[PDB]
Structures are given as C-alpha cells and as structure tokens.
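The next block holds one structure in the form of structure tokens; read it before the comments.
Read the figures in this text as sums done on the coordinates, not as results from a lab. Here the Cβ positions follow ideal geometry from the backbone for every residue, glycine too, while neighbour counts run over all protein chains shown.
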Amino acid sequence: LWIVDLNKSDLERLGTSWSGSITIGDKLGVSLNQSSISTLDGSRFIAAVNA
Amino acid sequence: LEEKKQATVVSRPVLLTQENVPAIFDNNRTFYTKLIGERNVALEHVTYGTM
C-alpha cells in the first residue's frame with residue numbers, strides 16, 4: 001500500500017493597530033480602545049505594526 | 001474599529017466498498033498557524049475531525 005501526503009500553505013500579515021490615550025489640563029481624558037486612565041495619566045498613545 | 005471577514009473551506013472524503021458490506025472512514029488533522037513571535041513564543045491550533 002502507498003501512503004502519500006502533500007501539504008502547501010502560505011500566509012501573510014500586514015498592517016497596524018492603535019491604542020492609547022491623551023490628557024488635557026487635568027480636566028478631561030480621551031482614551032482610544034479600552035486604555036484605562038486608572039493605570040496611565042501621561043503615557044501617550046502608541047501603535048503596533050506586524051509584518 | 002470596523003472590519004469585513006470572509007472565509008471558505010471545501011473538503012471531501014472518498015472511499016469505496018463492495019455492495020452489502022459496511023465501511024468506516026474517519027480523519028482528523030490539526031492545523032497550526034504562525035503566531036507572530038519566536039522568542040515571545042506561543043501557538044494556537046484547531047483539530048478538524050470527519051467521520
């Protein structure tokens with residue numbers, strides 16, 4: 001009997017995804033994408049690229 | 001945030017017998033995919049069963 005296998009796969013990943021927060025005058029805090037201000041006050045918004 | 005997801009998968013088993021006799025086929029491969037990172041290391045995998 002003859003077992004035989006062939007496998008073939010390719011995959012690509014590209015793009016960014018952003019997060020983080022800003023602050024204005026200790027009066028208002030704007031956050032992007034679930035960044036809690038209760039852990040960060042002056043840490044400005046970051047990014048992440050995958051390639 | 002917004003996105004558009006679309007995926008297809010088409011699979012087929014083949015098998016033969018004689019007439020008036022039973023037969024069984026079953027199969028399960030595990031498909032891996034490359035999570036981004038080699039020292040920051042992790043995997044994820046899905047088994048795909050058929051009977």
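If I go through segment A:12-51 residue by residue, how many of them are assigned to a loop (DSSP other than H, G, I, E, B) and not charged (D, E, K, R)? Reasoning before the result, please.
Taking segment A:12-51 as the starting set, the residues that turn out to be assigned to a loop (DSSP other than H, G, I, E, B) are A:12-14, A:17-18, A:25-27, A:33-36, A:40-45, A:47-48, A:51.
Subsequent filtering for residues that are not charged (D, E, K, R) retains A:14, A:17-18, A:25, A:33-36, A:40, A:42-43, A:45, A:47-48, A:51.
So the count comes out to 15.
All but one of (1) closer than 25 Å to residue B:33 by Cβ; (2) touching a strand residue (DSSP E or B) at 6+ places or on another chain (Cβ under 8 Å); (3) not basic (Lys, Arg) hold for residue A:45; state the number of the condition that does not hold.
(1)
Quick one: in segment A:1-42, of everything that is within 14 Å of chain B (Cβ to nearest Cβ) and acidic (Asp, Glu), which residue is farthest from residue B:34 (Cα to Cα)?
Restricting to residues being within 14 Å of chain B (Cβ to nearest Cβ) and acidic (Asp, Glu), the top hit is A:5.
Residues checked against (1) of a type in the set (S, T, N, Q); (2) more than 14 Å from chain A (Cβ to nearest Cβ); (3) under 22 Å from the mean Cα position of the chain (by Cα):
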position: B:16; (1), (2), (3): no, yes, no
position: B:29; (1), (2), (3): no, no, yes
position: B:34; (1), (2), (3): no, no, yes
position: B:39; (1), (2), (3): no, yes, no
position: B:47; (1), (2), (3): yes, yes, yes
position: B:50; (1), (2), (3): yes, yes, yes
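Looking only at segment B:18-25, decide whether some residue is part of a loop (DSSP other than H, G, I, E, B), surrounded by 10 or more Cβ atoms within 10 Å (Cβ to Cβ) and not charged (D, E, K, R).
Looking for residues that are part of a loop (DSSP other than H, G, I, E, B), surrounded by 10 or more Cβ atoms within 10 Å (Cβ to Cβ) and not charged (D, E, K, R), one finds none in segment B:18-25, hence no.
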